[PDB]
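As structure tokens, the structure follows; a few thoughts come after it.
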Amino acid sequence: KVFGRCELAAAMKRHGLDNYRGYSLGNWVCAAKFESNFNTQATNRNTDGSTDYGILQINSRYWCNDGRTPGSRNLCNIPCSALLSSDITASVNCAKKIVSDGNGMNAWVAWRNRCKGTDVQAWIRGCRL
């Protein structure tokens with residue numbers, strides 16, 4: 001499913017992401033925009049053989065099981081495919097773990113390079129939240 005900006009903003013909030021670990025909702029929507037263009041089915045293969053899945057492009061090296069990333073962890077305790085669903089619950093659950101990992105949102109390279117320090121409030125303007 002391809003989310004609309006405000007639709008996703010509302011789905012995210014509803015799931016406890018606004019100010020989760022001090023990150024306002026604008027940061028989460030900005031991250032999803034640049035990571036997958038709001039497409040839950042996005043996938044991208046990395047050079048190390050790991051793959052990034054879903055709306056937040058969660059990596060198979062540490063967070064999910066795809067059965068094809070030799071000696072990787074499954075910290076979120078889910079099959080990576082669960083991250084591609086129309087329902088964003090697993091993606092958000094896993095994201096909460098990642099963001100709590102120590103590096104905050106710096107864990108997402110597009111956030112770091114495209115959202116960090118920009119007017120993220122722009123991503124939620126005009127939405128009914």
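Going by the structure tokens order, chains are called A, B, ..., each with residues numbered from 1, while ligands are numbered from 1 in the order shown.
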Next on the checklist: So that I can check the secondary structure, give me every residue of chain A assigned helix (DSSP H, G or I) by backbone DSSP, as a PyMOL selection string.
Outcome noted: chain A and resi 5-14+25-36+80-84+89-99+104-107+109-115+120-124
Write to file, as a short mmCIF file (atom, residue, chain, number, x, y, z; two decimals), in the first residue's frame, the residues of the selection just made, with N, CA and C atoms.
data_model
loop_
_atom_site.label_atom_id
_atom_site.label_comp_id
_atom_site.auth_asym_id
_atom_site.auth_seq_id
_atom_site.Cartn_x
_atom_site.Cartn_y
_atom_site.Cartn_z
N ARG A 5 0.38 11.29 2.67
CA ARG A 5 1.15 11.95 3.72
C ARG A 5 0.40 12.02 5.03
N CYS A 6 -0.80 12.59 5.02
CA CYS A 6 -1.62 12.75 6.22
C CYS A 6 -2.17 11.45 6.73
N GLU A 7 -2.44 10.50 5.84
CA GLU A 7 -2.99 9.19 6.26
C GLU A 7 -2.01 8.43 7.16
N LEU A 8 -0.76 8.48 6.73
CA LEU A 8 0.37 7.88 7.40
C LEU A 8 0.65 8.62 8.71
N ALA A 9 0.60 9.93 8.69
CA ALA A 9 0.81 10.77 9.85
C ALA A 9 -0.16 10.32 10.94
N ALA A 10 -1.40 10.11 10.62
CA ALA A 10 -2.45 9.69 11.53
C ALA A 10 -2.26 8.25 11.95
N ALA A 11 -1.74 7.43 11.05
CA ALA A 11 -1.54 5.99 11.41
C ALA A 11 -0.40 5.90 12.42
N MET A 12 0.62 6.72 12.15
CA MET A 12 1.81 6.78 13.01
C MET A 12 1.49 7.26 14.42
N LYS A 13 0.77 8.36 14.50
CA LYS A 13 0.37 8.95 15.78
C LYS A 13 -0.43 7.93 16.59
N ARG A 14 -1.38 7.35 15.88
CA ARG A 14 -2.28 6.36 16.48
C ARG A 14 -1.49 5.22 17.12
N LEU A 25 6.40 13.78 15.29
CA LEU A 25 5.77 13.07 14.17
C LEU A 25 6.35 13.48 12.82
N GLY A 26 6.68 14.74 12.66
CA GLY A 26 7.25 15.24 11.41
C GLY A 26 8.48 14.44 11.02
N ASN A 27 9.33 14.13 11.98
CA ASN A 27 10.55 13.32 11.73
C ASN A 27 10.21 11.93 11.18
N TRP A 28 9.19 11.26 11.73
CA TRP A 28 8.77 9.91 11.31
C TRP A 28 8.22 9.89 9.90
N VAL A 29 7.39 10.86 9.55
CA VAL A 29 6.81 10.96 8.20
C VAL A 29 7.93 11.34 7.24
N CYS A 30 8.82 12.23 7.58
CA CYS A 30 9.92 12.62 6.69
C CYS A 30 10.77 11.38 6.39
N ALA A 31 11.00 10.60 7.45
CA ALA A 31 11.84 9.39 7.30
C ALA A 31 11.18 8.41 6.33
N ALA A 32 9.89 8.17 6.51
CA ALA A 32 9.16 7.26 5.64
C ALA A 32 9.16 7.82 4.22
N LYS A 33 8.95 9.09 4.01
CA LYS A 33 8.97 9.66 2.67
C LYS A 33 10.26 9.33 1.94
N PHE A 34 11.40 9.66 2.53
CA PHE A 34 12.70 9.40 1.89
C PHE A 34 13.16 7.95 1.90
N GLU A 35 12.66 7.12 2.81
CA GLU A 35 13.11 5.72 2.86
C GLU A 35 12.41 4.84 1.83
N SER A 36 11.09 5.02 1.72
CA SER A 36 10.30 4.21 0.80
C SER A 36 9.26 4.94 -0.02
N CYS A 80 10.74 -10.78 7.96
CA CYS A 80 10.84 -9.49 7.27
C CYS A 80 9.60 -9.16 6.45
N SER A 81 8.95 -10.20 5.96
CA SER A 81 7.74 -10.04 5.12
C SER A 81 6.64 -9.34 5.88
N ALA A 82 6.62 -9.51 7.19
CA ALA A 82 5.63 -8.87 8.05
C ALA A 82 5.76 -7.33 7.95
N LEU A 83 6.94 -6.88 7.55
CA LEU A 83 7.21 -5.45 7.41
C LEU A 83 6.67 -4.81 6.13
N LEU A 84 6.15 -5.59 5.21
CA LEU A 84 5.64 -5.12 3.93
C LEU A 84 4.13 -4.98 3.91
N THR A 89 1.52 -1.80 11.90
CA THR A 89 1.88 -2.16 13.28
C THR A 89 3.24 -2.80 13.51
N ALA A 90 3.61 -3.84 12.77
CA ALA A 90 4.92 -4.48 12.98
C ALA A 90 6.06 -3.53 12.63
N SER A 91 5.88 -2.75 11.57
CA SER A 91 6.92 -1.78 11.19
C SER A 91 7.13 -0.76 12.31
N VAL A 92 6.04 -0.29 12.86
CA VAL A 92 6.17 0.69 13.95
C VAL A 92 6.75 0.02 15.18
N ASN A 93 6.33 -1.19 15.50
CA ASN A 93 6.84 -1.86 16.73
C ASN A 93 8.36 -2.02 16.69
N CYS A 94 8.75 -2.51 15.55
CA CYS A 94 10.20 -2.71 15.31
C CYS A 94 10.94 -1.39 15.33
N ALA A 95 10.43 -0.32 14.72
CA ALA A 95 11.03 1.01 14.69
C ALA A 95 11.34 1.54 16.09
N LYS A 96 10.43 1.28 17.00
CA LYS A 96 10.54 1.74 18.41
C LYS A 96 11.78 1.14 19.06
N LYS A 97 12.07 -0.11 18.75
CA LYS A 97 13.25 -0.85 19.24
C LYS A 97 14.52 -0.27 18.65
N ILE A 98 14.42 -0.07 17.31
CA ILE A 98 15.61 0.48 16.62
C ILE A 98 15.98 1.84 17.20
N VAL A 99 15.04 2.77 17.27
CA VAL A 99 15.25 4.15 17.75
C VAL A 99 15.75 4.19 19.20
N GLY A 104 19.41 6.69 18.09
CA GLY A 104 18.19 7.45 17.82
C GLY A 104 17.85 7.21 16.34
N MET A 105 17.35 8.27 15.72
CA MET A 105 16.95 8.21 14.29
C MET A 105 18.10 8.17 13.30
N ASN A 106 19.32 8.36 13.79
CA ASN A 106 20.54 8.31 12.96
C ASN A 106 20.66 6.88 12.37
N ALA A 107 19.91 5.97 12.92
CA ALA A 107 19.85 4.60 12.41
C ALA A 107 19.29 4.62 10.99
N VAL A 109 19.56 6.25 7.50
CA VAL A 109 20.44 7.16 6.73
C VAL A 109 19.71 8.27 5.98
N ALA A 110 18.52 8.08 5.44
CA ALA A 110 17.79 9.16 4.73
C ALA A 110 17.30 10.17 5.77
N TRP A 111 17.01 9.78 6.99
CA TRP A 111 16.58 10.72 8.04
C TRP A 111 17.73 11.69 8.35
N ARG A 112 18.86 11.03 8.54
CA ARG A 112 20.10 11.72 8.89
C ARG A 112 20.49 12.71 7.79
N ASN A 113 20.40 12.26 6.55
CA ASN A 113 20.81 13.09 5.41
C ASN A 113 19.73 14.02 4.86
N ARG A 114 18.47 13.70 5.10
CA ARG A 114 17.43 14.53 4.47
C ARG A 114 16.44 15.14 5.39
N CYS A 115 16.33 14.66 6.61
CA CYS A 115 15.37 15.21 7.55
C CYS A 115 15.97 15.97 8.72
N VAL A 120 10.96 19.79 9.90
CA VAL A 120 10.15 18.56 9.80
C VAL A 120 8.67 18.80 10.04
N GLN A 121 8.35 19.91 10.66
CA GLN A 121 6.93 20.21 10.93
C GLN A 121 6.20 20.36 9.61
N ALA A 122 6.94 20.67 8.57
CA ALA A 122 6.32 20.79 7.23
C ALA A 122 5.61 19.51 6.81
N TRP A 123 6.12 18.34 7.18
CA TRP A 123 5.53 17.04 6.82
C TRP A 123 4.16 16.74 7.39
N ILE A 124 3.74 17.50 8.39
CA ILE A 124 2.40 17.27 8.98
C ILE A 124 1.49 18.47 8.79
#
Checklist entry - If you count only C-alpha atoms, which residues fall within 12 Å of residue 47 (chain A), apart from same-chain ones fewer than 3 positions away, as a VMD selection string? => result chain A and resid 44 50 to 52 61 69
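Considering only C-alpha atoms, the residue among A:72, A:118, A:19, A:40 positioned nearest to residue 86 (chain A) is A:40.
Distance check against residue 75 (chain A) using only C-alpha atoms: of A:60, A:87, A:53, A:15, the minimum falls on A:60.
Of the listed residues A:74, A:46, A:41, A:24, the one whose atoms come nearest to residue 88 (chain A) is A:41, with distances taken using only C-alpha atoms.
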Checklist outcome for this item: In terms of only C-alpha atoms, the residue from A:101, A:128, A:3, A:78 at minimal distance from residue 65 (chain A) is A:78
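Take CA of residue 119 (chain A) and CA of residue 43 (chain A): the distance between them is 27.3 Å.
Between CA of residue 20 (chain A) and CA of residue 117 (chain A) there is a distance of 17.3 Å.
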Item to check | Sel. of strand (DSSP E) residues, chain A, as number ranges by chain | outcome: A: 43-45, 51-53, 58-59
Selection from above, N, CA and C atoms, as a PDB file, in the first residue's frame, can you write it?
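File result.pdb, as written:
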ATOM      1  N   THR A  43      11.477  -2.618  -1.062  1.00  0.00           N
ATOM      2  CA  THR A  43      12.577  -3.496  -0.678  1.00  0.00           C
ATOM      3  C   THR A  43      13.802  -3.004  -1.434  1.00  0.00           C
ATOM      4  N   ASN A  44      14.951  -3.159  -0.796  1.00  0.00           N
ATOM      5  CA  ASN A  44      16.248  -2.740  -1.381  1.00  0.00           C
ATOM      6  C   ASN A  44      17.317  -3.652  -0.799  1.00  0.00           C
ATOM      7  N   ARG A  45      18.130  -4.182  -1.657  1.00  0.00           N
ATOM      8  CA  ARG A  45      19.227  -5.108  -1.286  1.00  0.00           C
ATOM      9  C   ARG A  45      20.492  -4.325  -1.046  1.00  0.00           C
ATOM     10  N   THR A  51      18.850  -7.067   3.319  1.00  0.00           N
ATOM     11  CA  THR A  51      17.790  -6.373   2.545  1.00  0.00           C
ATOM     12  C   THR A  51      17.017  -5.440   3.473  1.00  0.00           C
ATOM     13  N   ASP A  52      16.555  -4.311   3.001  1.00  0.00           N
ATOM     14  CA  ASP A  52      15.764  -3.353   3.792  1.00  0.00           C
ATOM     15  C   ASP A  52      14.297  -3.489   3.300  1.00  0.00           C
ATOM     16  N   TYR A  53      13.390  -3.551   4.246  1.00  0.00           N
ATOM     17  CA  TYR A  53      11.981  -3.768   4.031  1.00  0.00           C
ATOM     18  C   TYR A  53      11.007  -2.759   4.621  1.00  0.00           C
ATOM     19  N   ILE A  58      13.561  -1.308   7.182  1.00  0.00           N
ATOM     20  CA  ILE A  58      14.193  -2.024   8.290  1.00  0.00           C
ATOM     21  C   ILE A  58      15.049  -3.163   7.722  1.00  0.00           C
ATOM     22  N   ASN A  59      16.305  -3.154   8.131  1.00  0.00           N
ATOM     23  CA  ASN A  59      17.352  -4.062   7.661  1.00  0.00           C
ATOM     24  C   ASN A  59      17.352  -5.474   8.215  1.00  0.00           C
TER      25      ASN A  59
END
Checklist entry - When you draw a straight line from CA of residue 38 (chain A) to CA of residue 18 (chain A), how long is it in Å? => result 17.2 Å
